[PDB]
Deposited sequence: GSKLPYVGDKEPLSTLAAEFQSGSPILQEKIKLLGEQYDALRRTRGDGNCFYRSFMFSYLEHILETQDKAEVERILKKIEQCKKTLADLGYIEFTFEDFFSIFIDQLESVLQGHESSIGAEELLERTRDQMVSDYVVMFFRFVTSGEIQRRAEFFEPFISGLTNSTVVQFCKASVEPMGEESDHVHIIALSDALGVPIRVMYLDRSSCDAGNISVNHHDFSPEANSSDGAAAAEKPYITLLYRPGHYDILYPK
């Protein structure tokens, strides 16, 4: 209600405080996570957390890496996504501002020119509604385009998940702001942009009780340079040690 879309970096101990009167499996997994990860950054529970986490993670990665070649690569992928949206019948009037706002942020985190920004201003922009929500919406359009482009491949997964056709799913569950995401969204966004993602899965799962670890899921369109924390219902950003 009063919380920002994206929080400050926090030591992992703040995560352990959330569970210190819950399950010991979770406390032990958070111990191990502390072994492998320095910090986390929370995102707001408004339904957009996967896209918000991905957005900030990626923009901050470009800021700190200054990887101009990765930017050239992704810009090519974004052009291709514009073309598939048009081929699907979306006119530019329906999505152009979302693309141009994200491209502006991407170019801004690159150093050495007039409108270059630093980390504090990047956090300001990802906390501002009229920038952050538009970038989230950019990612939702990209996701929707990739899902519909591959409708035939995604069809049986989606109809099992939701008893919806692929277009119904895109319209009702991908494009609206505030709609939670799931496995299909992550695969589609990761493939459409060609950026890998590691999701650390923090749950009560165990196979040998007394032998517990945090398992993960990789999306690799070489460890992923985007790492997210998943707990059932919610995504945040993790920082490796």
Exercise. Quick one: where does the model skip the deposited sequence?
Worked result: 1, 223 to 233
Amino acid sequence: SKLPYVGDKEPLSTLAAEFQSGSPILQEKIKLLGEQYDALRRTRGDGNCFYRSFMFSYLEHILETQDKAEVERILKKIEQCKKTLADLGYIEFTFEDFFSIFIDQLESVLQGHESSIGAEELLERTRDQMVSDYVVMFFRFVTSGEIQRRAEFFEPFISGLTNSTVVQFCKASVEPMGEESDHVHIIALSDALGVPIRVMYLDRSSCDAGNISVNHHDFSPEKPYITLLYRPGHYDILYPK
From here on, numbers count along this sequence of modelled residues.
For this session: State which stretch shows the higher mean Cα B factor in the entry: 88 to 96 or 157 to 165.
Result: 157 to 165
Exercise. Which is higher on average in the deposited entry, the C-alpha temperature factors of 27 to 35 or of 193 to 201?
Worked result: 27 to 35
Problem set entry | Highest-ranked of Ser116, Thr126, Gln105, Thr143 once sorted by CA temperature factor in the record | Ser116
Seminar exercise, completed: Here the Cα B-factor of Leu63, set against its chain, lands in the third termed middle
Exercise. If you rank every modelled residue in this chain by C-alpha B factor, which third holds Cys81: lowest, middle or highest?
Worked result: middle
For this session: Using the B-factors in the PDB entry, rank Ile147's C-alpha atom against the chain and give the third, lowest, middle or highest.
Result: lowest
Problem set entry | CA B-factor ranking of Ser53, expressed as a third of its chain | lowest
Exercise. Lowest, middle or highest third of the chain for the C-alpha temperature factor of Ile226?
Worked result: middle
